[PDB]
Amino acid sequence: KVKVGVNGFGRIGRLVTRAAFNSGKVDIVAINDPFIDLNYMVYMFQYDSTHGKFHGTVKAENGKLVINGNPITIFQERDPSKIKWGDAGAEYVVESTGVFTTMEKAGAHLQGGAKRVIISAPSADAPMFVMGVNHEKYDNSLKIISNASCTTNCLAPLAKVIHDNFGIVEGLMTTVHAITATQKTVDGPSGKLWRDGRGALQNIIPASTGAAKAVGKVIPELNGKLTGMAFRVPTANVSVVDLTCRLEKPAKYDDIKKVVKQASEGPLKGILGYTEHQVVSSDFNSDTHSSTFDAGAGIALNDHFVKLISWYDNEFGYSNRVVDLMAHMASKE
């Protein structure tokens, strides 16, 4: 129903576009990317190494990108304040470039005639939302908004269920993470973060992340009670969260499984998944959940100290939540 514009046609930009057409929950009417012209967009959207060929039509017709017969207006504007969102009829804009994450920069989209702006990344100052955790706190007064990180959309729905039930005294998270566009194929320059320059095919690579800490802004009761870090490993897609956490109320592993499977079939349905199957990462390729709890993989030392494992397609899970949020925003207009 709501008409959407996407700034940036990267993995997130294209996969949000793909998720909008598959779910039908929003309508993509404009795309802006200064480094990908229209024919190149046809090709980049049609063919995907990770998620296969688009099931649908995609063609260049009279200067438009046409997907499933729906023409999309294309801008090639390096400055966000110069994108005529309002001319193209784009009410919400997905800011997915990764370089306009502050409320000051992301706000440029309001100049072109856009009413609301969703940042597809963590934000220093924009209010962060995670579907099924704190989305119901959104209101019409917020015009610039963040959907947090993929890792945050994994840990947070799991953290919520475990806090609400047994209470998290303190937790340390490791994410074993698929490679991303920011890494390099062979040892190369990554001036800010030296490890991230090292060959992504050859290396387990330790990285910093604020994704755990950030759970404290979508679940305030956990503020200052979570942090962690990442290992980038050589797979194309799908990441796993490893949450090590002390609970204050006693929790048998079967209890943890009981409450998580309850949440998965009830209000967190389609956001937090549950499985007892002998799954590996490629089993969650193109899986739309934010988080799928892996019963068999985790381990408890005692009733108050556990290791919990949850899978997430860092590409497809996150992109589907960016669509799910925009549909909630538009239901509350």
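Start at 1 with the first residue shown and count on from there.
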| property | result |
| --- | --- |
| 178 to 186 set against 192 to 200, stretch whose average Cα temperature factor tops the other in the entry | 192 to 200 |
| Given 299 to 307 and 272 to 280, the range whose Cα B-factors average higher in the PDB entry | 299 to 307 |
| Candidate set 72, 110, 205, 155 [ranked by C-alpha B-factor, highest] | 110 |
| Per the PDB entry, maximal CA B factor within 48, 294, 287, 27 | 27 |
| Third of chain Cα B-factors occupied by residue 236 | lowest |
| Chain third (lowest, middle, highest) by recorded CA B-factor, residue given as residue 53 | lowest |
| Chain thirds of CA B-factor: placement of residue 42 | lowest |
| For residue 223, the third of its chain into which the C-alpha B factor falls | highest |
| Record-listed C-alpha B factor of residue 103: chain third | highest |
